[PDB]
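*Asks:* coords please:
(chains A and B)
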There are 2 protein chains.
Amino acid sequence: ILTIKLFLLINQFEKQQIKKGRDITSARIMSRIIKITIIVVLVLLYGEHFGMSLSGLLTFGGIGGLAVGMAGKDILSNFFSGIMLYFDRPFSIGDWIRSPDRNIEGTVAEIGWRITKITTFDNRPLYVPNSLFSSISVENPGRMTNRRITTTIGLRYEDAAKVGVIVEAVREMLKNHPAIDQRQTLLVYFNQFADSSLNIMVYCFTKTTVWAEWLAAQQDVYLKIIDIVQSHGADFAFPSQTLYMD
Amino acid sequence: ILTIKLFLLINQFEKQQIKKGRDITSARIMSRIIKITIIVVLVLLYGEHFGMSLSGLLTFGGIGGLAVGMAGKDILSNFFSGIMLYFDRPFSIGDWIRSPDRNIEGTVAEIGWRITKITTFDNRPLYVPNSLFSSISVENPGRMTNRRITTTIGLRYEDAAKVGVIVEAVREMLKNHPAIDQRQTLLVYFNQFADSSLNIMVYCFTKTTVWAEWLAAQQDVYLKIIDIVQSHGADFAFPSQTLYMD
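*Replies:* Numbers count the residues shown, from 1 in each chain, chains lettered A, B, ... in the order given. Here you go:
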């Protein structure tokens, strides 16, 4: 009677799957698989009243369960990480996330039990297995407080007498710029002997976090830097070489 | 009687395989393998009425099942991932899919219990084990909403006085182009001091998702950009060098 009840239940499931709309052969194969699995489980559970030697079933079930346990580790790990994400999540829907270990960059669209769906920046869907969120570092640029501007000014080696005044002028310009956050790091220093130029680092932050506003402020700063450099008699350096001719 | 029944059943299977058309020696070898496997399973299951010490079979079966369990992990994992794909699939037949972790690029042709068959873009079949779809990220360009156009305009360092007007002209041209989606990102800014040029980024989207239409729109935009740049007196920059002669 137990076998009849289980068979009728999975038969109802099978016609349910068919009515949902699916290939018939696949439904038959899945129904079989469930049939054999249920039969094996019942035989192992109900194998003493009409059963066998109590040593054979132990070994057989141990081998089968051991093989199944190592075979299904990844599928179960994904769902376990999904439960963990449900309880403790480092991001929310709509957050732009990133990782230095794997390519998962994009904005979160859906968080599921098995995979997370993320919209990339070329408008494509990306499906990430949940287990990855248990072994890699996740960065959240969507929760940033400032946008950083970093650049290098490469002057000619013959402009060594004007490095200090140029550095001071650039620092003053950055300090008086209305779009620059004055409570964050602000460094302008000459710090590198390059192959063909003397390099000056520029390192600052903007108040805004909007993409277009940050880009506009960066462009304005770059143009002002060009004007400052060219007004002091210096110039930017191309790659240079010394040629000896026969 | 059980052994006779099983032997006759697998013999019928063996002649079935032969009639299907296959090498005779391979069929004999497979029949043997099944013979020995069935004999071992029956001995371990039926080893108490005429059997042995109830400690030897436990150890023997444990060792055998442990070895078999670790030996067959990959084959069973592929089928488990096939079942998972049957129930929860991130793609469908005819979808162009991709992955940043492995080379599986192509359009899905068949989804099976063990492997997935994908048609590559040089018209070749590729067979991907199903377990890969449980540990890697899958991108679906076949479900994209827009096609992206990104490029860089490199102007000469002597064209620094015309960057703003060129940027404004390019932005206006992109804003008035009938093939550009105006509800998506649209950025045109000067954002890089390159080695030999000043770089302007162009970043926009098209309404269409068709390959040929997107390529045609991109070509039209590129030609218009060339005309705009050349009409303002600027020019594109080749790699440049400064040479000092003895």
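*Asks:* the closest residue to chain B within chain A - nearest residue in space that isn't next to it in sequence?
*Replies:* Nearest residue of chain A to chain B, counting by C-beta to the nearest C-beta: residue A:63, 2.2 Å away. (C-beta placed from N, C-alpha, C; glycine too.) With C-beta to C-beta, 6 or more residues apart in numbering or on different chains as the criterion, residue A:63 has its nearest non-adjacent residue at 2.2 Å, and that residue is residue B:65.
*Asks:* what about that neighbour, helix or strand, and which?
*Replies:* helix B:56-71 (DSSP states H and E).
*Asks:* helices or strands up against that helix?
*Replies:* helix A:56-71, helix B:24-45 (3 or more C-beta pairs under 8 Å, 6 or more residues apart in numbering or on different chains; DSSP states H and E).
*Asks:* what is the last one packed up against?
*Replies:* Other helices and strands packing on helix B:24-45, by 3+ C-beta pairs under 8 Å, 6+ apart, are helix A:56-71, helix B:2-20, helix B:56-71.
*Asks:* next one: that helix to chain centre, how far?
*Replies:* The chain centre lies 39 Å from the centre of helix B:24-45; the measure is C-alpha atoms, centre = their mean, to the nearest Å.
*Asks:* residues near the residue of chain A closest to chain B, how many?
*Replies:* 20 (other C-beta atoms under 10 Å in any protein chain shown).
*Asks:* does it touch residue B:61 like I think?
*Replies:* Yes. When contacts are counted by C-beta atoms under 8 Å, residue A:63 is listed as touching residue B:61 (6.9 Å).
*Asks:* contact partners for the residue most central in space within chain A?
*Replies:* By C-alpha atoms, centre = their mean, chain A has its centre lying nearest to residue A:104, at 3.0 Å. For residue A:104, the contacting residues are A:97-98, A:118, A:126, A:128, A:132, B:137, by C-beta atoms under 8 Å, 6 or more residues apart in numbering or on different chains.
*Asks:* of the helices and strands packed on helix B:56-71, which approaches residue B:245 most closely?
*Replies:* For the helices and strands packed on helix B:56-71, the distance to residue B:245 is smallest for helix A:56-71, at 71.2 Å, taking C-beta to C-beta.
*Asks:* and the helix or strand following the closest one, what other elements does it pack with?
*Replies:* As assigned by DSSP H and E, the chain's next helix or strand after helix A:56-71 is helix A:73-87. Applying 3+ C-beta pairs under 8 Å, 6+ apart, one finds that helix A:73-87 contacts helix B:73-87.
*Asks:* what are the buried residues along the helix it packs on?
*Replies:* B:73, B:76-86 (16 or more other C-beta atoms under 10 Å in any protein chain shown).
*Asks:* just want the angle from it to helix B:56-71.
*Replies:* When axes from the mean of the first three to the mean of the last three C-alpha atoms, to 10 degrees is applied, the directions of helix B:73-87 and helix B:56-71 differ by 60 degrees.
*Asks:* how about residue A:240, phi and psi?
*Replies:* Residue A:240 adopts backbone torsions of phi -120, psi 160, taken as degrees, to the nearest 10.
*Asks:* contact partners for residue A:36?
*Replies:* Counted by C-beta under 8 Å, 6+ apart, residue A:36 has zero contacts.
*Asks:* secondary structure element for residue A:213?
*Replies:* Per DSSP H and E: helix A:211-231 holds residue A:213.
*Asks:* say whether chain B is contacted by that helix.
*Replies:* Yes. Using C-beta under 8 Å from any C-beta of the partner chain, helix A:211-231 reaches chain B at A:211-212, A:215-216, A:218-219, A:222-223, A:226, A:230.
*Asks:* and the closest residue to residue A:66 other than its chain neighbours, how many residues sit next to it?
*Replies:* Sequence neighbours aside, residue B:69 is the residue nearest to residue A:66 in space, at 3.9 Å (criterion: C-beta to C-beta, 6+ apart). Residue B:69: 20 surrounding residues under other C-beta under 10 Å.
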